[PDB]
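Asks: Before I ask anything, let me first share the structure, which is written out below as structure tokens.
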Amino acid sequence: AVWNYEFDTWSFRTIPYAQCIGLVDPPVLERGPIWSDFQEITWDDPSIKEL
Amino acid sequence: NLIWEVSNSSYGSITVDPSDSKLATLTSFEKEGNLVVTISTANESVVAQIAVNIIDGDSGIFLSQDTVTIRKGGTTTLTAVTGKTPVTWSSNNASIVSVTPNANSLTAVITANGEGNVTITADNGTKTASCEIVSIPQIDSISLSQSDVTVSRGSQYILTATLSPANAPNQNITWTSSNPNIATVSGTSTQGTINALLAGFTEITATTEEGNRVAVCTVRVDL
Amino acid sequence: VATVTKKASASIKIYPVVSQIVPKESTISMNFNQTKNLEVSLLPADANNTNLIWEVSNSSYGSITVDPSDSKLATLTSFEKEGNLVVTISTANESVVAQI
Amino acid sequence: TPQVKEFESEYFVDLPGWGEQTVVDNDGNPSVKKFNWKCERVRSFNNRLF
Amino acid sequence: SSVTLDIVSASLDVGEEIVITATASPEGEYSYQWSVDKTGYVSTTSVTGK
């Protein structure tokens, strides 16, 4: 049940079975990658498509 | 009451016998070295310590560390045991490794300058000790991330070289490749190999400025 | 978790550092005649646990201005010339440099 | 080092006392020594420096 | 097993350095943690090293 403390409104949503939660920086592939980093990656989405 | 214990109970046929009432006697043997005498109580957490040194004679001398392995730029210390305060040091091959006896003259600091075995020694006047030293480079080996790379016309793939130790002071790399007309690389662990032709194998080998000259080799494959 | 543990005894002795600091001089200054060689009398702070080194600037006021101190002190001489100079009684290596 | 520039000076110089730390030897004998202090930012406040 | 040290006493002066090495009877791999009875009077570096 999410509440916005800037406009005082209530809303709900679903989460993927969270035992915990926190904030952290993402992996290098999502922390800002570089063209000359995908030296081993190819267009055959080797287990990575959501980019 | 208390219980008298001694570490390395080999310095006498009967090092310390059971104290008659409170105290016991001490003996010795024909050998030197450092030991500790722990006067422990019955069971409570009370463990004292007494440091005794067998001088090996009247004014003999024996060093704590006999063999040492130091890396370039590092430093160590030495400890002696004598009866005479004057302790003059003397190291063969002086100008390969320096020494600086402290005020007490029973301790000296070592400073490695370059690779090379040294046999720093002291001289009390009657007896003499020795301390072998083997200077080792800051590095023992290296490794790369790829050995069978493959590129094309113009494409330049970047290679990385992770040194064996996590860190190395004053380290520097000068990449070399026979016949640099095919490609050129230099700088640091980051190589950035550039390709000029569409065929012709190459042998990208590292050349660590410091550390052991031992390097690796990689075989580029443009086809 | 540590299943087994073993201790090692090791004692250390740190000689006193008191009185090793800059010493004090009784004869802060001493004027003599042209070619007099009046001996010098002084003591550092308790003269304990360390030695010193007697140095003199412009070591040209005598064939042997100040010779190596026998045990703790040395002698002084003079030459047939005038001028101002300074006698630095420096310790072995510590940053202790006096002046006379 | 911060390398302050005095008001009555025409050249830059390291800060005075930067690295000074009081040490007391046996019997309570004080002394001062300078160590390699390196900072990232310095500002002024309440007639002080941070 | 039982541990021993070749060093048991030493004479130092303020400003002088010294290095001690720990060596157990067996050649196995173990962890080290140095301790001091009276705080101060010394400075340590890499207490987890032999």
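Residue numbers start at 1 in each chain; chains themselves are named A, B, ... in the order of the structure tokens; ligands are numbered from 1 in the order shown.
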I need the chain B residues near chain E as a ChimeraX atom specification; criterion: at most 6 Å, counting only C-alpha atoms.
Replies: /B:34,51,64,77
Asks: Write down as JSON, numbers by chain the residues of chain D whose backbone DSSP state falls under strand (DSSP E).
Replies: {"D": [20, 21, 22, 23, 24, 25, 29, 30, 31, 32, 33, 34, 44, 45, 48, 49]}
Asks: Kindly save the residues from that selection, with N, CA, C and O atoms included, as a PDB file, in the first residue's frame.
Replies:
```
ATOM      1  N   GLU D  20      50.704  18.663  12.752  1.00  0.00           N
ATOM      2  CA  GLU D  20      51.255  18.688  14.099  1.00  0.00           C
ATOM      3  C   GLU D  20      50.402  17.842  15.033  1.00  0.00           C
ATOM      4  O   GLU D  20      49.172  17.954  15.044  1.00  0.00           O
ATOM      5  N   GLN D  21      51.058  16.993  15.819  1.00  0.00           N
ATOM      6  CA  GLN D  21      50.386  16.177  16.819  1.00  0.00           C
ATOM      7  C   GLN D  21      51.282  16.072  18.041  1.00  0.00           C
ATOM      8  O   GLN D  21      52.468  15.750  17.918  1.00  0.00           O
ATOM      9  N   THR D  22      50.715  16.345  19.211  1.00  0.00           N
ATOM     10  CA  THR D  22      51.482  16.347  20.450  1.00  0.00           C
ATOM     11  C   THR D  22      51.663  14.919  20.944  1.00  0.00           C
ATOM     12  O   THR D  22      50.689  14.167  21.066  1.00  0.00           O
ATOM     13  N   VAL D  23      52.907  14.545  21.225  1.00  0.00           N
ATOM     14  CA  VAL D  23      53.251  13.229  21.748  1.00  0.00           C
ATOM     15  C   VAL D  23      53.900  13.416  23.111  1.00  0.00           C
ATOM     16  O   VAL D  23      54.697  14.341  23.302  1.00  0.00           O
ATOM     17  N   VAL D  24      53.562  12.537  24.049  1.00  0.00           N
ATOM     18  CA  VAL D  24      54.111  12.567  25.401  1.00  0.00           C
ATOM     19  C   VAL D  24      54.867  11.265  25.623  1.00  0.00           C
ATOM     20  O   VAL D  24      54.281  10.179  25.533  1.00  0.00           O
ATOM     21  N   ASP D  25      56.161  11.371  25.903  1.00  0.00           N
ATOM     22  CA  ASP D  25      57.009  10.205  26.092  1.00  0.00           C
ATOM     23  C   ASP D  25      56.939   9.756  27.552  1.00  0.00           C
ATOM     24  O   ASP D  25      56.109  10.228  28.333  1.00  0.00           O
ATOM     25  N   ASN D  29      56.921  13.545  29.121  1.00  0.00           N
ATOM     26  CA  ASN D  29      57.761  14.493  28.407  1.00  0.00           C
ATOM     27  C   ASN D  29      57.104  14.827  27.077  1.00  0.00           C
ATOM     28  O   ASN D  29      57.118  13.987  26.164  1.00  0.00           O
ATOM     29  N   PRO D  30      56.525  16.013  26.909  1.00  0.00           N
ATOM     30  CA  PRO D  30      55.819  16.317  25.663  1.00  0.00           C
ATOM     31  C   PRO D  30      56.772  16.629  24.517  1.00  0.00           C
ATOM     32  O   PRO D  30      57.928  17.007  24.707  1.00  0.00           O
ATOM     33  N   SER D  31      56.249  16.459  23.306  1.00  0.00           N
ATOM     34  CA  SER D  31      56.974  16.758  22.079  1.00  0.00           C
ATOM     35  C   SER D  31      55.964  16.778  20.942  1.00  0.00           C
ATOM     36  O   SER D  31      54.863  16.231  21.059  1.00  0.00           O
ATOM     37  N   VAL D  32      56.351  17.414  19.840  1.00  0.00           N
ATOM     38  CA  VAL D  32      55.480  17.598  18.687  1.00  0.00           C
ATOM     39  C   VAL D  32      56.120  16.938  17.478  1.00  0.00           C
ATOM     40  O   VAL D  32      57.349  16.902  17.353  1.00  0.00           O
ATOM     41  N   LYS D  33      55.281  16.411  16.588  1.00  0.00           N
ATOM     42  CA  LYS D  33      55.751  15.792  15.360  1.00  0.00           C
ATOM     43  C   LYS D  33      54.723  16.030  14.266  1.00  0.00           C
ATOM     44  O   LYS D  33      53.521  16.114  14.530  1.00  0.00           O
ATOM     45  N   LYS D  34      55.211  16.143  13.035  1.00  0.00           N
ATOM     46  CA  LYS D  34      54.368  16.400  11.878  1.00  0.00           C
ATOM     47  C   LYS D  34      54.211  15.130  11.055  1.00  0.00           C
ATOM     48  O   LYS D  34      55.191  14.436  10.768  1.00  0.00           O
ATOM     49  N   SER D  44      35.774  27.812   5.840  1.00  0.00           N
ATOM     50  CA  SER D  44      35.903  28.692   6.991  1.00  0.00           C
ATOM     51  C   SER D  44      34.567  28.794   7.709  1.00  0.00           C
ATOM     52  O   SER D  44      33.510  28.823   7.071  1.00  0.00           O
ATOM     53  N   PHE D  45      34.619  28.849   9.036  1.00  0.00           N
ATOM     54  CA  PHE D  45      33.407  28.955   9.835  1.00  0.00           C
ATOM     55  C   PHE D  45      33.787  29.283  11.268  1.00  0.00           C
ATOM     56  O   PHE D  45      34.711  28.684  11.822  1.00  0.00           O
ATOM     57  N   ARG D  48      37.221  29.735  12.245  1.00  0.00           N
ATOM     58  CA  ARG D  48      37.985  28.498  12.248  1.00  0.00           C
ATOM     59  C   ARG D  48      38.090  27.955  10.828  1.00  0.00           C
ATOM     60  O   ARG D  48      37.454  28.453   9.896  1.00  0.00           O
ATOM     61  N   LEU D  49      38.907  26.919  10.676  1.00  0.00           N
ATOM     62  CA  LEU D  49      39.044  26.192   9.425  1.00  0.00           C
ATOM     63  C   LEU D  49      38.738  24.722   9.664  1.00  0.00           C
ATOM     64  O   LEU D  49      39.036  24.175  10.729  1.00  0.00           O
TER      65      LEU D  49
END
```
Asks: Quick one: contact table of chain B to chain A, 10 Å max, nearest atom pair and distance in Å to one decimal per residue, counting only C-alpha atoms, chain and number order, as JSON lines?
Replies:
```
{"residue": "B:149", "atom": "CA", "partner": "A:39", "partner_atom": "CA", "distance": 9.8}
{"residue": "B:156", "atom": "CA", "partner": "A:36", "partner_atom": "CA", "distance": 9.2}
{"residue": "B:157", "atom": "CA", "partner": "A:39", "partner_atom": "CA", "distance": 7.0}
{"residue": "B:158", "atom": "CA", "partner": "A:36", "partner_atom": "CA", "distance": 7.3}
{"residue": "B:159", "atom": "CA", "partner": "A:39", "partner_atom": "CA", "distance": 9.4}
{"residue": "B:192", "atom": "CA", "partner": "A:36", "partner_atom": "CA", "distance": 9.8}
```
Asks: Please, what distance in Å, to one decimal, runs between CA of residue 33 (chain A) and CA of residue 45 (chain A)?
Replies: 15.7 Å
Asks: Can you pull out every residue within 7 Å of residue 28 (chain C), counting only C-alpha atoms, but drop anything in the same chain fewer than 2 positions away, and send it as a ChimeraX atom specification?
Replies: /C:25-26,100
